[PDB]
Amino acid sequence: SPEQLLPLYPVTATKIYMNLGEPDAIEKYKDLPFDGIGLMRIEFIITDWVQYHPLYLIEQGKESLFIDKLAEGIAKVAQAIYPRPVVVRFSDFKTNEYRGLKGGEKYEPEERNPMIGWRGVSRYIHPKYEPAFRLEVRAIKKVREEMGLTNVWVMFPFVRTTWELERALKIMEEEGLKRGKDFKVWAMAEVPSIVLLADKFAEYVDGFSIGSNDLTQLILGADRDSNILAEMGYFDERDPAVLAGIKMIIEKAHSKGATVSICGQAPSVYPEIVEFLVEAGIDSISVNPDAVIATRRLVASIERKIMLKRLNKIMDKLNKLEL
Amino acid sequence: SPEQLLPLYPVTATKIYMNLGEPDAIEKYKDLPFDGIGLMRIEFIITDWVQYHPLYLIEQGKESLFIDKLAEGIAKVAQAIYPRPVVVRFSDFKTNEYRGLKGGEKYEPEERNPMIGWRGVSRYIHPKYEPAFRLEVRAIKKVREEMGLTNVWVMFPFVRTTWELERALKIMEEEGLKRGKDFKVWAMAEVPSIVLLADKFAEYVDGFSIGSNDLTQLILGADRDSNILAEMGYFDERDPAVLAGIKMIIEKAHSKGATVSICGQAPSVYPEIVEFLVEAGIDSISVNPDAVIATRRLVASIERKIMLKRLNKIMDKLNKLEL
Amino acid sequence: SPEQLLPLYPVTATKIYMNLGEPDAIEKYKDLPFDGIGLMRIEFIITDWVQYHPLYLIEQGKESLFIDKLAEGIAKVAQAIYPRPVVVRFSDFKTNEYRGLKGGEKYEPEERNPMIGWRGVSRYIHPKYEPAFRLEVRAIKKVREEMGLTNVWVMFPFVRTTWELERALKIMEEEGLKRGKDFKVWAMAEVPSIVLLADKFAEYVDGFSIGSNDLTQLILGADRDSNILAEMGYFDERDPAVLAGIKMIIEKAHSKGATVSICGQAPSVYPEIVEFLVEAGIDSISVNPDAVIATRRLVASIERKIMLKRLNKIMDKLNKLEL
Ligand SMILES: [Mg+2]
Ligand SMILES: [Mg+2]
Ligand SMILES: [Mg+2]
């Protein structure tokens, strides 16, 4: 009877979140010791439950279908784990991925580098895609209000500049979705501009989610699907530059009182990444379901280890005071 | 076999108490990891096991029935969880609620605001209701002595002034119920006078129980059953005024060496309230049975988190000493 | 010839304001040495000059009558004592008191506790009563502009939360009534939330008016018309909790540069309350007309006494510097 084994799992100061892409998979992982969904991917919902470009649906006057499918998926995930928070990520599609949707060829220009192209918040605040972002915000508002699921938060993927973030925030406010005590807004820390200006971005969002997969790619300026670059071992999240960027993000966000989360494959595979993150004082770690329990163990041990080490340092520090 | 799973639950520095209103429900929740009954409501016993106003029973010479029913309920609850403490709350009825009892129309005046009317300690020390309070104290004494259940403590609901508290204490002493090492007396911190003078009230009671439901109502001056006020969102226990009052109560009580408890719906629904309470250093948290286990998890995690944060602060503090 | 005796009255640092409920009574008390009307009650105007619920008049399209009667009363009071300020209090009625008006049964729900019910700013910002508050603001604007009576200020009764105060302020701004150098906005400090967060409320208002009558009731959680509670002596404004709350309000408001006033029966009857208020450094005291002159004497003496005591302390303090 595993359902009574949940409270007996090790207690961790750092929150252990879970990454979810398919809403129907929430019932498979309902017995895992996770403190919430730190990353809900709505890409699967749009691809397989909608099949249509949101702008195409707006042109055909079918906003209701898109809004209702997103609302159904998000409400299922939120109600399955209430009151644990569900951090829904906005549309993370690229232009080429957007073209895969039905009727998306008319609204998606052919881009040489969609990886660093028109995507994320830059797409949301643009007048062309603004109605689709408004549809997504309307779905989130319907989940939070019609179903009363307060535990639904949002994260803005691929945030580039502060003014774009504030424009997205005011667009959300125009839709009645306002940042508050019961509503948290996060920003993906996958762009080096966020690394350099995390303390400046913290005035607009409640916290940051470090997209280590994309953050490593952008910091190193390398793209993963290129087999040549992958063979050389570039895409190691243990890279000193990536670690320095993560440390800077954590320091700036905690100096401005913003929470820091990480949602990538780095904590799932590399224990040393987890140790470094916990030592830096990261607020939460979001991992894949199959890596939840182990992470909950590992973080706990690391915390205990830290709780020893700091004590020693304090004593040593105290020694230098008396001499 | 859940009965051997009790010792395996997470260990929390803050005591996790349980709220009980029906004595017969103690057997349903005997397998929950609670450190005691932080709030036992005798309102159900008087309403459904007595059906009669205590003053009416005194007039009819039936004090024995009221005393014996209270003693039976309290003894059942205390013996079910011995030696864990059972904090019995005295009669928390309002005048309109008192009139619901049989024969209570003759003893309860019609009040415009019973919510802030003749209730609580103000009712107990009044000569008219003093015999009923003496009956309640006699029932408590019978439980503590005839059945030898030392684990029964009392809390005074809706305490307004220090002189009324000392008059209630001397009335209890006249009945042979004296505050001591084996008997704890608490005061409900649901009136702003307790907020302002907690350090003064601490000389009379062993600890305080924060009635967050009533404390929010009195601090904000709003009454919950009014749907208009509820719709505007006034009754949020995360309100800055309520948090400041709770912090002041905790600080004053710990400055005077008195324990602090909370028995309301705030810790059951809002994790941030629990985090703030544990950070402030609250001695115990009393929640509903269905919210016990989760709270025991949450508090534990928060404690661990705090146990990290303080360490960091100490190191930072130590840094400022060397420079 | 008493009219030349006004300048010969004792000079007080603390402003001595007067409480007025009937505009026609301003001519009776025009020869009293008061520095202004610290509390103008428009309850009498609405009850006896309008007789109608403002929402009922709006439904019947008779906003002009209500606005003109309020304007006539306020203009009479302001012109009678120009340029001394007239602090008009907004509608302080309760729901039961509102039902006494003609046609008010349809707009006032039956409330169990109107004393802590839908009243004050909570009523003004609500969409249902918002047109009536707009009518009151329009009357104030007509007095300040059509008659050019700059000396008219407003106070918001029964302020609960900061967001409600800012919503009322923006509603006033939408009506052209904006806080400025020639227009002062006060908040009644009769709710314990104001006591706990006076420094936070000071960013929205020019000053605070301590409603000691209601402040004592809310701090002690007792209602005055209950004869049982009154007999026990609960409603003593010399209570330590009420004094501590008043001291906290004064300290916070003066730390944020906001003026503090008191408009209640405490300074009219208890000289020690006046002494404590003047020692705390209250900016003004508003009393009943029959208690004006005596208060003007008493405060003066107290000020002189303080002006001695502080000097002694300074000398003593200086002694500790030389030793
Ligand atoms: Mg990404
Ligand atoms: Mg209560
Ligand atoms: Mg009042």
Side-chain angles (χ1 to χ4, degrees), chain A residues 19 39 41 43 89-94 97 114-116 119-121 155-160 187-191 194 209-218 223-224 262-265 286, chain B residues 19 39 41 43 89-94 97 114-116 119-121 155-160 187-191 194 209-218 221 223-224 262-265 286, chain C residues 19 39 41 43 89-94 97 114-116 119-121 155-160 187-191 194 209-218 221 223-224 262-265 286:
Chain A
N19 299 334
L39 167 63
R41 300 179 276 268
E43 275 62 62
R89 191 181 63 193
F90 284 122
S91 191
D92 200 51
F93 283 122
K94 287 163 209 159
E97 294 176 352
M115 181 66 203
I116 50 171
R119 68 194 286 236
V121 190
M155 72 162 58
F156 280 106
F158 208 79
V159 188
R160 280 186 249 246
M188 278 294 220
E190 49 201 347
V191 186
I194 304 284
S209 193
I210 293 171
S212 55
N213 269 344
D214 291 29
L215 188 59
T216 299
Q217 277 172 104
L218 288 203
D223 185 19
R224 298 185 92 101
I262 187 164
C263 46
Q265 299 302 110
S286 181
Chain B
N19 299 334
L39 167 63
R41 300 179 276 268
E43 275 62 62
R89 191 181 63 193
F90 284 122
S91 191
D92 200 51
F93 283 122
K94 287 163 209 159
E97 294 176 352
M115 181 66 203
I116 50 171
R119 68 194 286 236
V121 190
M155 72 162 58
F156 280 106
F158 208 79
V159 188
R160 280 186 249 246
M188 278 294 220
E190 49 201 347
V191 186
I194 304 284
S209 193
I210 293 171
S212 55
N213 269 344
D214 291 29
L215 188 59
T216 299
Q217 277 172 104
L218 288 203
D223 185 19
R224 298 185 92 101
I262 187 164
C263 46
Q265 299 302 110
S286 181
Chain C
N19 299 334
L39 167 63
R41 300 179 276 268
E43 275 62 62
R89 191 181 63 193
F90 284 122
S91 191
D92 200 52
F93 283 122
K94 287 163 209 159
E97 294 176 352
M115 181 66 203
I116 50 171
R119 68 194 286 236
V121 190
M155 72 162 58
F156 280 106
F158 208 79
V159 188
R160 280 186 249 246
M188 278 294 220
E190 49 201 347
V191 186
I194 304 284
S209 193
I210 293 171
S212 55
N213 269 344
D214 291 29
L215 188 59
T216 299
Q217 277 172 104
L218 288 203
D223 185 19
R224 298 185 92 101
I262 187 164
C263 46
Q265 299 302 110
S286 181

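Proteins get letters first, then strands, A, B, ... in listed order; numbering begins at 1 in each. The analysis underlying the following values was restricted to heavy atoms, covering all of them including side chains, and did not include hydrogens, waters or symmetry mates. Order of appearance sets the numbers: ligands from 1, and atoms from 1 within every ligand.
- Taking 4.5 Å as the limit, every side-chain heavy atom of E97(C) sits out of range of all side-chain heavy atoms of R119(C).
- Residues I116(A) and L218(A) approach most closely at CG2-CD2, 3.8 Å, considering heavy atoms.
- A search for salt bridge (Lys or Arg N to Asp or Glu O under 4.0 Å) contacts involving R89(C) returns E43(C), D92(C), not counting sequence neighbours.
- Listed for the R160(B) side chain is no donor-acceptor partner under 3.5 Å among the backbone atoms of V121(B).
- Between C263(A) and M188(A), the closest side-chain pair of non-hydrogen atoms falls below 4.5 Å.
- The shortest side-chain heavy-atom distance between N213(A) and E190(A) does not fall under the 4.5 Å cut-off.
- Listed by chain and number, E190(A) OE1, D214(A) OD2 are the protein N/O/S atoms closer than 2.8 Å to the Mg ion (ligand 1), with waters left out.
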